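J.: Contents of data_9.pdb (PDB, C-alpha atoms):
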```pdb
ATOM      1  CA  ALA A   1     -89.946 -24.105   6.483  1.00  0.00           C
ATOM      2  CA  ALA A   2     -89.721 -27.918   6.814  1.00  0.00           C
ATOM      3  CA  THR A   3     -86.834 -27.842   9.346  1.00  0.00           C
ATOM      4  CA  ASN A   4     -85.754 -29.979  12.351  1.00  0.00           C
ATOM      5  CA  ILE A   5     -85.972 -28.770  15.987  1.00  0.00           C
ATOM      6  CA  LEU A   6     -84.452 -30.349  19.116  1.00  0.00           C
ATOM      7  CA  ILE A   7     -85.956 -29.452  22.513  1.00  0.00           C
ATOM      8  CA  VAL A   8     -83.540 -29.912  25.432  1.00  0.00           C
ATOM      9  CA  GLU A   9     -85.339 -29.321  28.777  1.00  0.00           C
ATOM     10  CA  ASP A  10     -85.464 -31.208  32.114  1.00  0.00           C
ATOM     11  CA  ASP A  11     -89.131 -30.786  33.142  1.00  0.00           C
ATOM     12  CA  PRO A  12     -91.522 -32.933  30.968  1.00  0.00           C
ATOM     13  CA  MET A  13     -94.446 -30.494  31.215  1.00  0.00           C
ATOM     14  CA  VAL A  14     -92.467 -27.556  29.769  1.00  0.00           C
ATOM     15  CA  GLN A  15     -91.097 -30.003  27.158  1.00  0.00           C
ATOM     16  CA  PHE A  16     -94.749 -30.590  26.198  1.00  0.00           C
ATOM     17  CA  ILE A  17     -95.387 -26.827  26.213  1.00  0.00           C
ATOM     18  CA  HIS A  18     -92.592 -26.149  23.661  1.00  0.00           C
ATOM     19  CA  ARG A  19     -93.845 -29.165  21.627  1.00  0.00           C
ATOM     20  CA  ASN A  20     -97.412 -27.796  21.637  1.00  0.00           C
ATOM     21  CA  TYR A  21     -96.413 -24.201  20.829  1.00  0.00           C
ATOM     22  CA  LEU A  22     -94.126 -25.164  17.899  1.00  0.00           C
ATOM     23  CA  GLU A  23     -97.028 -27.035  16.250  1.00  0.00           C
ATOM     24  CA  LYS A  24     -99.277 -24.018  16.952  1.00  0.00           C
ATOM     25  CA  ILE A  25     -97.062 -22.184  14.440  1.00  0.00           C
ATOM     26  CA  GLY A  26     -96.481 -25.571  12.733  1.00  0.00           C
ATOM     27  CA  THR A  27     -94.089 -24.820   9.852  1.00  0.00           C
ATOM     28  CA  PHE A  28     -91.719 -27.596  10.984  1.00  0.00           C
ATOM     29  CA  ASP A  29     -91.805 -31.365  10.429  1.00  0.00           C
ATOM     30  CA  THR A  30     -89.721 -33.324  12.998  1.00  0.00           C
ATOM     31  CA  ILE A  31     -89.554 -32.251  16.653  1.00  0.00           C
ATOM     32  CA  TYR A  32     -87.123 -34.161  18.914  1.00  0.00           C
ATOM     33  CA  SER A  33     -87.164 -34.350  22.727  1.00  0.00           C
ATOM     34  CA  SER A  34     -84.209 -34.682  25.109  1.00  0.00           C
ATOM     35  CA  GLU A  35     -84.006 -34.393  28.904  1.00  0.00           C
ATOM     36  CA  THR A  36     -80.176 -34.471  29.078  1.00  0.00           C
ATOM     37  CA  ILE A  37     -77.073 -33.032  27.359  1.00  0.00           C
ATOM     38  CA  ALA A  38     -75.761 -36.613  26.857  1.00  0.00           C
ATOM     39  CA  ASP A  39     -78.973 -37.465  24.935  1.00  0.00           C
ATOM     40  CA  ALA A  40     -78.801 -34.154  23.022  1.00  0.00           C
ATOM     41  CA  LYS A  41     -75.176 -34.676  21.882  1.00  0.00           C
ATOM     42  CA  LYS A  42     -76.026 -38.184  20.601  1.00  0.00           C
ATOM     43  CA  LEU A  43     -79.222 -36.932  18.897  1.00  0.00           C
ATOM     44  CA  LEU A  44     -77.247 -34.248  17.013  1.00  0.00           C
ATOM     45  CA  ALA A  45     -74.771 -36.923  15.890  1.00  0.00           C
ATOM     46  CA  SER A  46     -77.748 -39.165  14.963  1.00  0.00           C
ATOM     47  CA  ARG A  47     -80.322 -37.036  13.062  1.00  0.00           C
ATOM     48  CA  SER A  48     -79.418 -33.699  11.442  1.00  0.00           C
ATOM     49  CA  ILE A  49     -81.120 -30.812  13.270  1.00  0.00           C
ATOM     50  CA  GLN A  50     -81.497 -27.170  12.178  1.00  0.00           C
ATOM     51  CA  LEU A  51     -82.451 -25.262  15.354  1.00  0.00           C
ATOM     52  CA  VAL A  52     -82.192 -26.190  19.055  1.00  0.00           C
ATOM     53  CA  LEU A  53     -84.372 -25.056  22.016  1.00  0.00           C
ATOM     54  CA  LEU A  54     -82.099 -25.143  25.070  1.00  0.00           C
ATOM     55  CA  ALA A  55     -82.508 -24.641  28.840  1.00  0.00           C
ATOM     56  CA  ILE A  56     -79.722 -23.769  31.326  1.00  0.00           C
ATOM     57  CA  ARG A  57     -80.666 -26.126  34.202  1.00  0.00           C
ATOM     58  CA  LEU A  58     -80.597 -29.718  32.930  1.00  0.00           C
ATOM     59  CA  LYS A  59     -80.386 -32.963  34.948  1.00  0.00           C
ATOM     60  CA  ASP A  60     -76.824 -33.907  33.880  1.00  0.00           C
ATOM     61  CA  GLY A  61     -75.149 -30.521  33.252  1.00  0.00           C
ATOM     62  CA  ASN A  62     -75.312 -26.776  32.563  1.00  0.00           C
ATOM     63  CA  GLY A  63     -76.896 -25.576  29.310  1.00  0.00           C
ATOM     64  CA  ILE A  64     -74.510 -22.664  28.771  1.00  0.00           C
ATOM     65  CA  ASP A  65     -71.453 -24.976  28.929  1.00  0.00           C
ATOM     66  CA  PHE A  66     -73.069 -27.300  26.365  1.00  0.00           C
ATOM     67  CA  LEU A  67     -73.627 -24.285  24.082  1.00  0.00           C
ATOM     68  CA  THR A  68     -69.971 -23.258  24.559  1.00  0.00           C
ATOM     69  CA  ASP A  69     -69.020 -26.785  23.368  1.00  0.00           C
ATOM     70  CA  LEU A  70     -71.510 -26.506  20.492  1.00  0.00           C
ATOM     71  CA  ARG A  71     -69.768 -23.380  19.174  1.00  0.00           C
ATOM     72  CA  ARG A  72     -66.216 -24.793  19.664  1.00  0.00           C
ATOM     73  CA  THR A  73     -67.097 -27.774  17.418  1.00  0.00           C
ATOM     74  CA  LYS A  74     -68.715 -25.261  14.981  1.00  0.00           C
ATOM     75  CA  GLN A  75     -72.066 -27.068  14.692  1.00  0.00           C
ATOM     76  CA  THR A  76     -74.582 -26.294  11.913  1.00  0.00           C
ATOM     77  CA  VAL A  77     -77.172 -25.526  14.616  1.00  0.00           C
ATOM     78  CA  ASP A  78     -79.044 -22.315  15.454  1.00  0.00           C
ATOM     79  CA  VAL A  79     -79.653 -22.074  19.218  1.00  0.00           C
ATOM     80  CA  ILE A  80     -82.420 -20.141  21.001  1.00  0.00           C
ATOM     81  CA  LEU A  81     -82.481 -20.231  24.820  1.00  0.00           C
ATOM     82  CA  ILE A  82     -85.703 -20.788  26.767  1.00  0.00           C
ATOM     83  CA  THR A  83     -84.742 -20.540  30.441  1.00  0.00           C
ATOM     84  CA  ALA A  84     -85.703 -19.249  33.907  1.00  0.00           C
ATOM     85  CA  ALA A  85     -82.149 -18.064  34.634  1.00  0.00           C
ATOM     86  CA  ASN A  86     -81.498 -14.318  34.847  1.00  0.00           C
ATOM     87  CA  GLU A  87     -78.205 -12.340  34.692  1.00  0.00           C
ATOM     88  CA  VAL A  88     -77.308 -13.183  38.327  1.00  0.00           C
ATOM     89  CA  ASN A  89     -77.770 -16.899  37.544  1.00  0.00           C
ATOM     90  CA  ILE A  90     -75.598 -16.811  34.389  1.00  0.00           C
ATOM     91  CA  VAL A  91     -72.669 -15.217  36.266  1.00  0.00           C
ATOM     92  CA  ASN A  92     -72.872 -17.335  39.459  1.00  0.00           C
ATOM     93  CA  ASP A  93     -74.562 -20.670  38.611  1.00  0.00           C
ATOM     94  CA  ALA A  94     -73.501 -20.982  34.955  1.00  0.00           C
ATOM     95  CA  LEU A  95     -70.113 -19.194  34.771  1.00  0.00           C
ATOM     96  CA  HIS A  96     -69.179 -19.865  38.457  1.00  0.00           C
ATOM     97  CA  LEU A  97     -67.675 -16.360  38.813  1.00  0.00           C
ATOM     98  CA  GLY A  98     -68.893 -15.650  42.382  1.00  0.00           C
ATOM     99  CA  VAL A  99     -70.370 -12.143  42.185  1.00  0.00           C
ATOM    100  CA  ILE A 100     -71.965 -10.633  45.328  1.00  0.00           C
ATOM    101  CA  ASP A 101     -74.831  -8.872  43.477  1.00  0.00           C
ATOM    102  CA  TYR A 102     -75.809  -7.933  39.917  1.00  0.00           C
ATOM    103  CA  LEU A 103     -77.094  -4.332  39.844  1.00  0.00           C
ATOM    104  CA  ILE A 104     -79.229  -3.496  36.808  1.00  0.00           C
ATOM    105  CA  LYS A 105     -78.975   0.057  35.420  1.00  0.00           C
ATOM    106  CA  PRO A 106     -80.837   2.234  36.005  1.00  0.00           C
ATOM    107  CA  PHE A 107     -81.070   1.740  39.783  1.00  0.00           C
ATOM    108  CA  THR A 108     -82.642   3.305  42.889  1.00  0.00           C
ATOM    109  CA  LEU A 109     -80.639   4.341  46.002  1.00  0.00           C
ATOM    110  CA  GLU A 110     -82.274   1.662  48.213  1.00  0.00           C
ATOM    111  CA  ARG A 111     -81.277  -1.067  45.712  1.00  0.00           C
ATOM    112  CA  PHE A 112     -77.650   0.128  45.884  1.00  0.00           C
ATOM    113  CA  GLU A 113     -77.340  -0.241  49.692  1.00  0.00           C
ATOM    114  CA  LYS A 114     -79.194  -3.580  49.432  1.00  0.00           C
ATOM    115  CA  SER A 115     -76.235  -4.650  47.253  1.00  0.00           C
ATOM    116  CA  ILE A 116     -73.733  -3.185  49.766  1.00  0.00           C
ATOM    117  CA  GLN A 117     -75.213  -5.004  52.805  1.00  0.00           C
ATOM    118  CA  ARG A 118     -74.929  -8.246  50.783  1.00  0.00           C
ATOM    119  CA  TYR A 119     -71.131  -7.727  50.944  1.00  0.00           C
ATOM    120  CA  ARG A 120     -71.201  -7.253  54.754  1.00  0.00           C
ATOM    121  CA  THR A 121     -73.087 -10.549  55.235  1.00  0.00           C
ATOM    122  CA  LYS A 122     -70.174 -12.291  53.466  1.00  0.00           C
TER     123      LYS A 122
ATOM    124  CA  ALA B   1     -66.131  -0.392  59.014  1.00  0.00           C
ATOM    125  CA  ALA B   2     -63.029   0.723  57.028  1.00  0.00           C
ATOM    126  CA  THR B   3     -62.815  -1.196  53.700  1.00  0.00           C
ATOM    127  CA  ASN B   4     -61.447  -0.514  50.164  1.00  0.00           C
ATOM    128  CA  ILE B   5     -63.409  -0.129  46.884  1.00  0.00           C
ATOM    129  CA  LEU B   6     -62.376   0.098  43.220  1.00  0.00           C
ATOM    130  CA  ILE B   7     -64.888   1.428  40.667  1.00  0.00           C
ATOM    131  CA  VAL B   8     -64.238   0.320  37.086  1.00  0.00           C
ATOM    132  CA  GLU B   9     -66.749   2.078  34.791  1.00  0.00           C
ATOM    133  CA  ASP B  10     -65.987   3.809  31.470  1.00  0.00           C
ATOM    134  CA  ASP B  11     -68.452   6.745  31.780  1.00  0.00           C
ATOM    135  CA  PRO B  12     -67.374   9.349  34.437  1.00  0.00           C
ATOM    136  CA  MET B  13     -70.926  10.432  35.370  1.00  0.00           C
ATOM    137  CA  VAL B  14     -72.062   6.968  36.590  1.00  0.00           C
ATOM    138  CA  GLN B  15     -68.603   6.803  38.237  1.00  0.00           C
ATOM    139  CA  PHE B  16     -69.476   9.932  40.257  1.00  0.00           C
ATOM    140  CA  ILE B  17     -72.896   8.469  41.148  1.00  0.00           C
ATOM    141  CA  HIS B  18     -71.276   5.262  42.538  1.00  0.00           C
ATOM    142  CA  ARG B  19     -68.829   7.450  44.521  1.00  0.00           C
ATOM    143  CA  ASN B  20     -71.712   9.655  45.774  1.00  0.00           C
ATOM    144  CA  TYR B  21     -73.860   6.647  46.741  1.00  0.00           C
ATOM    145  CA  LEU B  22     -71.015   4.835  48.554  1.00  0.00           C
ATOM    146  CA  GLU B  23     -70.395   7.947  50.693  1.00  0.00           C
ATOM    147  CA  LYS B  24     -74.162   8.342  51.334  1.00  0.00           C
ATOM    148  CA  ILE B  25     -73.726   5.197  53.399  1.00  0.00           C
ATOM    149  CA  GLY B  26     -69.965   5.724  54.033  1.00  0.00           C
ATOM    150  CA  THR B  27     -68.456   2.541  55.603  1.00  0.00           C
ATOM    151  CA  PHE B  28     -65.260   3.208  53.627  1.00  0.00           C
ATOM    152  CA  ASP B  29     -61.976   5.157  53.656  1.00  0.00           C
ATOM    153  CA  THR B  30     -60.806   5.251  50.019  1.00  0.00           C
ATOM    154  CA  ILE B  31     -62.730   4.747  46.777  1.00  0.00           C
ATOM    155  CA  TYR B  32     -60.647   4.218  43.625  1.00  0.00           C
ATOM    156  CA  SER B  33     -61.704   5.128  40.072  1.00  0.00           C
ATOM    157  CA  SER B  34     -61.031   3.414  36.732  1.00  0.00           C
ATOM    158  CA  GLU B  35     -62.233   3.851  33.148  1.00  0.00           C
ATOM    159  CA  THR B  36     -60.408   0.805  31.702  1.00  0.00           C
ATOM    160  CA  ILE B  37     -59.570  -2.804  32.646  1.00  0.00           C
ATOM    161  CA  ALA B  38     -55.885  -1.841  32.153  1.00  0.00           C
ATOM    162  CA  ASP B  39     -56.115   0.967  34.756  1.00  0.00           C
ATOM    163  CA  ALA B  40     -57.949  -1.418  37.117  1.00  0.00           C
ATOM    164  CA  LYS B  41     -55.427  -4.306  36.794  1.00  0.00           C
ATOM    165  CA  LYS B  42     -52.552  -1.934  37.644  1.00  0.00           C
ATOM    166  CA  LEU B  43     -54.439  -0.722  40.745  1.00  0.00           C
ATOM    167  CA  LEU B  44     -55.116  -4.342  41.789  1.00  0.00           C
ATOM    168  CA  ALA B  45     -51.414  -5.242  41.658  1.00  0.00           C
ATOM    169  CA  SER B  46     -50.703  -1.933  43.454  1.00  0.00           C
ATOM    170  CA  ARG B  47     -52.966  -1.007  46.386  1.00  0.00           C
ATOM    171  CA  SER B  48     -55.234  -3.073  48.684  1.00  0.00           C
ATOM    172  CA  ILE B  49     -58.793  -3.567  47.378  1.00  0.00           C
ATOM    173  CA  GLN B  50     -61.579  -5.548  49.076  1.00  0.00           C
ATOM    174  CA  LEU B  51     -64.619  -5.172  46.792  1.00  0.00           C
ATOM    175  CA  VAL B  52     -64.794  -4.106  43.126  1.00  0.00           C
ATOM    176  CA  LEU B  53     -67.771  -2.360  41.493  1.00  0.00           C
ATOM    177  CA  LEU B  54     -67.389  -3.616  37.911  1.00  0.00           C
ATOM    178  CA  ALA B  55     -69.218  -2.707  34.687  1.00  0.00           C
ATOM    179  CA  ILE B  56     -69.385  -4.907  31.549  1.00  0.00           C
ATOM    180  CA  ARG B  57     -68.859  -2.544  28.592  1.00  0.00           C
ATOM    181  CA  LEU B  58     -65.433  -1.038  29.378  1.00  0.00           C
ATOM    182  CA  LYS B  59     -63.264   1.021  26.994  1.00  0.00           C
ATOM    183  CA  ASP B  60     -60.455  -1.542  26.481  1.00  0.00           C
ATOM    184  CA  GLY B  61     -62.454  -4.821  26.775  1.00  0.00           C
ATOM    185  CA  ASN B  62     -65.318  -6.827  28.312  1.00  0.00           C
ATOM    186  CA  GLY B  63     -66.015  -6.747  32.069  1.00  0.00           C
ATOM    187  CA  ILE B  64     -67.115 -10.386  32.173  1.00  0.00           C
ATOM    188  CA  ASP B  65     -63.806 -11.354  30.490  1.00  0.00           C
ATOM    189  CA  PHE B  66     -61.904  -9.332  33.112  1.00  0.00           C
ATOM    190  CA  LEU B  67     -63.894 -11.137  35.824  1.00  0.00           C
ATOM    191  CA  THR B  68     -62.983 -14.552  34.352  1.00  0.00           C
ATOM    192  CA  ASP B  69     -59.237 -13.723  34.447  1.00  0.00           C
ATOM    193  CA  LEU B  70     -59.674 -12.250  37.944  1.00  0.00           C
ATOM    194  CA  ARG B  71     -60.824 -15.662  39.220  1.00  0.00           C
ATOM    195  CA  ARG B  72     -58.416 -17.772  37.119  1.00  0.00           C
ATOM    196  CA  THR B  73     -55.641 -15.727  38.772  1.00  0.00           C
ATOM    197  CA  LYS B  74     -57.542 -16.193  42.093  1.00  0.00           C
ATOM    198  CA  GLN B  75     -57.603 -12.587  43.348  1.00  0.00           C
ATOM    199  CA  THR B  76     -58.724 -11.862  46.946  1.00  0.00           C
ATOM    200  CA  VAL B  77     -61.490  -9.590  45.621  1.00  0.00           C
ATOM    201  CA  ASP B  78     -65.268  -9.181  45.918  1.00  0.00           C
ATOM    202  CA  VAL B  79     -66.818  -8.328  42.530  1.00  0.00           C
ATOM    203  CA  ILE B  80     -70.262  -6.694  42.430  1.00  0.00           C
ATOM    204  CA  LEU B  81     -71.418  -6.112  38.830  1.00  0.00           C
ATOM    205  CA  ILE B  82     -73.105  -2.765  38.143  1.00  0.00           C
ATOM    206  CA  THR B  83     -74.241  -2.871  34.509  1.00  0.00           C
ATOM    207  CA  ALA B  84     -77.058  -2.184  32.047  1.00  0.00           C
ATOM    208  CA  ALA B  85     -76.444  -5.447  30.152  1.00  0.00           C
ATOM    209  CA  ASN B  86     -79.190  -8.098  30.189  1.00  0.00           C
ATOM    210  CA  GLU B  87     -78.940 -11.914  29.828  1.00  0.00           C
ATOM    211  CA  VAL B  88     -78.799 -11.703  25.997  1.00  0.00           C
ATOM    212  CA  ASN B  89     -75.821  -9.335  26.298  1.00  0.00           C
ATOM    213  CA  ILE B  90     -73.935 -11.745  28.580  1.00  0.00           C
ATOM    214  CA  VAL B  91     -74.567 -14.638  26.145  1.00  0.00           C
ATOM    215  CA  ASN B  92     -73.890 -12.939  22.796  1.00  0.00           C
ATOM    216  CA  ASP B  93     -71.891  -9.762  23.378  1.00  0.00           C
ATOM    217  CA  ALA B  94     -69.922 -11.030  26.389  1.00  0.00           C
ATOM    218  CA  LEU B  95     -69.672 -14.754  25.506  1.00  0.00           C
ATOM    219  CA  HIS B  96     -70.103 -14.533  21.674  1.00  0.00           C
ATOM    220  CA  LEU B  97     -72.391 -17.581  21.657  1.00  0.00           C
ATOM    221  CA  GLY B  98     -74.491 -16.531  18.613  1.00  0.00           C
ATOM    222  CA  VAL B  99     -77.861 -17.222  20.243  1.00  0.00           C
ATOM    223  CA  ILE B 100     -80.994 -16.379  18.224  1.00  0.00           C
ATOM    224  CA  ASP B 101     -83.135 -15.316  21.225  1.00  0.00           C
ATOM    225  CA  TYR B 102     -83.436 -15.465  25.025  1.00  0.00           C
ATOM    226  CA  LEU B 103     -86.936 -16.177  26.435  1.00  0.00           C
ATOM    227  CA  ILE B 104     -87.091 -15.529  30.170  1.00  0.00           C
ATOM    228  CA  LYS B 105     -89.398 -18.040  31.890  1.00  0.00           C
ATOM    229  CA  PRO B 106     -92.258 -17.568  32.051  1.00  0.00           C
ATOM    230  CA  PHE B 107     -93.019 -16.590  28.450  1.00  0.00           C
ATOM    231  CA  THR B 108     -96.265 -15.425  26.814  1.00  0.00           C
ATOM    232  CA  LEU B 109     -98.282 -17.324  24.170  1.00  0.00           C
ATOM    233  CA  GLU B 110     -97.214 -14.746  21.545  1.00  0.00           C
ATOM    234  CA  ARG B 111     -93.598 -14.003  22.566  1.00  0.00           C
ATOM    235  CA  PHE B 112     -92.679 -17.601  21.643  1.00  0.00           C
ATOM    236  CA  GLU B 113     -93.446 -17.043  17.929  1.00  0.00           C
ATOM    237  CA  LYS B 114     -91.516 -13.716  17.907  1.00  0.00           C
ATOM    238  CA  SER B 115     -88.528 -15.738  19.145  1.00  0.00           C
ATOM    239  CA  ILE B 116     -89.153 -18.272  16.381  1.00  0.00           C
ATOM    240  CA  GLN B 117     -89.536 -15.399  13.843  1.00  0.00           C
ATOM    241  CA  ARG B 118     -85.984 -14.370  14.781  1.00  0.00           C
ATOM    242  CA  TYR B 119     -84.900 -17.814  13.515  1.00  0.00           C
ATOM    243  CA  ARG B 120     -86.987 -17.443  10.307  1.00  0.00           C
ATOM    244  CA  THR B 121     -84.929 -14.306   9.471  1.00  0.00           C
ATOM    245  CA  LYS B 122     -81.648 -16.297   9.793  1.00  0.00           C
TER     246      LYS B 122
END
```
Just give me the structure as structure tokens.
T.:
Amino acid sequence: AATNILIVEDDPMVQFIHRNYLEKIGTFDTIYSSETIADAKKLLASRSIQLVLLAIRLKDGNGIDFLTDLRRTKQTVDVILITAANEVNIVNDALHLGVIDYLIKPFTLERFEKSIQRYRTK
Amino acid sequence: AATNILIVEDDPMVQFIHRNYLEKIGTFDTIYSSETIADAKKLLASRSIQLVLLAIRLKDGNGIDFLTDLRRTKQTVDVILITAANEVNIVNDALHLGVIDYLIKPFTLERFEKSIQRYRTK
């Protein structure tokens, strides 16, 4: 390969885990670390990077918003998300849309009324 | 007791299931049906609706896009997403963000390289 990878992740242990794993395949030369979006933006403008490993919860901002920006400016960067956030998190915490509950299909009857009683509590 | 619901789902079977399940609790007077965003919007301007059971893959557009407009217009409405779409679908199909992969934390030793292999083939 011989390609550049930027890791953007808040927790330094998981940063080390991506670092370790990428060298355990080890096709790639330079591996950059960043704990903030502000660092990541400046690193992209500094050294040319091929792929990016991005989280959603960073210290300074939201990962999904940064990716939105990254596509608007039409960056020569291939992004792959490594994140704890599920569907419910993307809608509420990342898109700020304010959904009561995210029902996954297929669903059981008990899960449906669980999602209905969540409305009543609001 | 006594509240309004609009179902917006493109397939009429799952529409009947939502209807059947809402009555199998039954806190509600009227339950409205819709197969498009267009039919839903017109109902929202028309009759009083408290909560909305919204899908993502609708006939005339994307449910997440309809939700975004619904909040930018600031509608007095309680969305509850009932959908088969995962995180990857919200990022790429619903937000068009051209992501290579989505690893849900925590990830396996091996699933990391599969996610990298999806970069190697692009």
J.: Hey, which of A:75, A:15, A:3, A:68 ends up closest to residue 53 in chain A? Count all atoms listed in the file.
T.: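 Checking each of A:75, A:15, A:3, A:68 against residue 53 in chain A, counting all atoms listed in the file, the winner is A:15.
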J.: Can you pull out the residues contacting residue 76 in chain B? Cut-off 12 Å, using only C-alpha atoms, and skip same-chain residues under 6 positions away; I want them as a list in words.
T.: residues 98 of chain A; 44, 45, 48, 49, 50, 51, 52 and 70 of chain B
J.: Ranking B:85, B:5, B:38, B:94 by minimum distance to residue 59 in chain B and counting only C-alpha atoms, which one comes first?
T.: B:38
J.: Write out as a list in words every residue belonging to chain A that has an atom at most 7 Å from any atom of chain B, counting all atoms listed in the file.
T.: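 Residues passing the distance filter: residues 68, 71, 78, 79, 80, 81, 82, 83, 84, 86, 87, 97, 99, 100, 101, 102, 103, 104 and 105 of chain A.
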J.: What does the distance from CA of residue 13 in chain A to CA of residue 46 in chain A come to in Å, to one decimal?
T.: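 Taking CA of residue 13 in chain A and CA of residue 46 in chain A, their separation equals 24.9 Å.
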J.: I'd like the superposed copy of chain B - fitted to chain A by least squares over all paired Cα atoms - as a tab-separated table (two decimals) with C-alpha atoms, in the frame of the given file.
T.:
```
chain	number	residue	atom	x	y	z
B	1	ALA	CA	-91.14	-24.24	5.61
B	2	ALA	CA	-89.88	-27.73	6.62
B	3	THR	CA	-87.11	-27.43	9.28
B	4	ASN	CA	-85.82	-29.55	12.23
B	5	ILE	CA	-85.99	-28.76	15.98
B	6	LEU	CA	-84.45	-30.38	19.07
B	7	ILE	CA	-85.89	-29.55	22.51
B	8	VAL	CA	-83.48	-30.10	25.41
B	9	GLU	CA	-85.35	-29.45	28.69
B	10	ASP	CA	-85.28	-31.63	31.83
B	11	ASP	CA	-88.95	-31.22	32.89
B	12	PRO	CA	-91.42	-33.07	30.56
B	13	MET	CA	-94.33	-30.63	31.07
B	14	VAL	CA	-92.48	-27.56	29.68
B	15	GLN	CA	-91.22	-29.97	26.98
B	16	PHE	CA	-94.85	-30.65	25.97
B	17	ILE	CA	-95.62	-26.91	26.01
B	18	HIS	CA	-92.71	-26.18	23.60
B	19	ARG	CA	-93.95	-29.03	21.36
B	20	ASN	CA	-97.55	-27.70	21.56
B	21	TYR	CA	-96.48	-24.11	20.82
B	22	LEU	CA	-94.24	-25.07	17.87
B	23	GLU	CA	-97.17	-26.93	16.25
B	24	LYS	CA	-99.53	-23.99	16.98
B	25	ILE	CA	-97.46	-22.21	14.35
B	26	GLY	CA	-96.28	-25.44	12.61
B	27	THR	CA	-93.50	-24.60	10.07
B	28	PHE	CA	-91.83	-27.92	10.97
B	29	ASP	CA	-91.83	-31.66	10.21
B	30	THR	CA	-90.13	-33.31	13.21
B	31	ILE	CA	-89.57	-32.05	16.75
B	32	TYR	CA	-87.08	-34.01	18.88
B	33	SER	CA	-87.14	-34.30	22.69
B	34	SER	CA	-84.32	-34.48	25.24
B	35	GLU	CA	-84.05	-34.40	29.04
B	36	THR	CA	-80.22	-34.43	29.21
B	37	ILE	CA	-77.21	-32.93	27.40
B	38	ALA	CA	-76.05	-36.54	26.81
B	39	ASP	CA	-79.30	-37.45	24.99
B	40	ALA	CA	-79.04	-34.21	22.98
B	41	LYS	CA	-75.38	-34.70	21.91
B	42	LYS	CA	-76.19	-38.20	20.61
B	43	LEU	CA	-79.12	-36.80	18.58
B	44	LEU	CA	-76.87	-34.04	17.18
B	45	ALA	CA	-74.30	-36.56	15.91
B	46	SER	CA	-77.24	-38.66	14.62
B	47	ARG	CA	-80.06	-36.82	12.82
B	48	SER	CA	-80.25	-33.42	11.07
B	49	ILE	CA	-81.14	-30.49	13.36
B	50	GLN	CA	-81.45	-26.83	12.35
B	51	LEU	CA	-82.46	-24.98	15.54
B	52	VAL	CA	-82.19	-26.09	19.19
B	53	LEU	CA	-84.49	-24.95	22.01
B	54	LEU	CA	-82.10	-25.20	24.96
B	55	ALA	CA	-82.64	-24.80	28.72
B	56	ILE	CA	-79.90	-24.00	31.28
B	57	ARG	CA	-80.57	-26.28	34.27
B	58	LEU	CA	-80.39	-29.75	32.69
B	59	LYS	CA	-80.21	-33.08	34.55
B	60	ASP	CA	-76.61	-34.02	33.63
B	61	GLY	CA	-75.02	-30.52	33.41
B	62	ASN	CA	-75.29	-26.80	32.57
B	63	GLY	CA	-76.95	-25.61	29.34
B	64	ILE	CA	-74.57	-22.67	28.94
B	65	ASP	CA	-71.63	-25.11	29.22
B	66	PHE	CA	-73.22	-27.31	26.54
B	67	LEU	CA	-73.63	-24.20	24.36
B	68	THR	CA	-69.93	-23.30	24.79
B	69	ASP	CA	-68.82	-26.78	23.61
B	70	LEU	CA	-71.39	-26.62	20.79
B	71	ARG	CA	-69.61	-23.56	19.37
B	72	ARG	CA	-66.04	-24.70	20.13
B	73	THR	CA	-66.90	-27.80	18.05
B	74	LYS	CA	-68.55	-25.40	15.52
B	75	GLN	CA	-71.92	-27.14	15.04
B	76	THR	CA	-74.25	-25.99	12.22
B	77	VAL	CA	-76.98	-25.26	14.78
B	78	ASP	CA	-79.24	-22.38	15.83
B	79	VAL	CA	-79.55	-22.20	19.64
B	80	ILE	CA	-82.51	-20.34	21.17
B	81	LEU	CA	-82.34	-20.38	24.99
B	82	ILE	CA	-85.63	-21.00	26.80
B	83	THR	CA	-84.88	-20.67	30.52
B	84	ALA	CA	-85.98	-19.22	33.86
B	85	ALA	CA	-82.41	-18.23	34.81
B	86	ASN	CA	-81.61	-14.52	35.20
B	87	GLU	CA	-78.28	-12.66	34.75
B	88	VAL	CA	-77.10	-13.57	38.28
B	89	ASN	CA	-77.68	-17.25	37.45
B	90	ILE	CA	-75.58	-17.03	34.28
B	91	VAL	CA	-72.73	-15.34	36.21
B	92	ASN	CA	-72.66	-17.43	39.39
B	93	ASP	CA	-74.45	-20.72	38.78
B	94	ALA	CA	-73.48	-21.07	35.11
B	95	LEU	CA	-70.05	-19.35	35.16
B	96	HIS	CA	-69.16	-19.81	38.89
B	97	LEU	CA	-67.80	-16.26	39.10
B	98	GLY	CA	-68.65	-15.69	42.81
B	99	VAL	CA	-70.26	-12.28	42.29
B	100	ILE	CA	-71.79	-10.58	45.35
B	101	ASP	CA	-74.68	-8.90	43.47
B	102	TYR	CA	-75.98	-7.89	40.03
B	103	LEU	CA	-77.57	-4.41	39.75
B	104	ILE	CA	-79.41	-3.97	36.47
B	105	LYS	CA	-79.07	-0.39	35.18
B	106	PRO	CA	-80.89	1.69	36.06
B	107	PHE	CA	-80.85	1.11	39.83
B	108	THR	CA	-82.81	2.80	42.63
B	109	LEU	CA	-81.37	5.02	45.40
B	110	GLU	CA	-82.06	2.24	47.95
B	111	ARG	CA	-81.26	-0.92	45.94
B	112	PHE	CA	-77.59	0.18	45.83
B	113	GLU	CA	-77.18	-0.17	49.62
B	114	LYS	CA	-78.93	-3.60	49.61
B	115	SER	CA	-76.26	-4.67	47.11
B	116	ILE	CA	-73.59	-3.24	49.41
B	117	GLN	CA	-75.25	-4.99	52.41
B	118	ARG	CA	-74.68	-8.27	50.56
B	119	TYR	CA	-70.94	-7.45	50.74
B	120	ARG	CA	-71.18	-6.55	54.46
B	121	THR	CA	-72.45	-10.11	55.13
B	122	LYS	CA	-69.36	-11.60	53.38
```
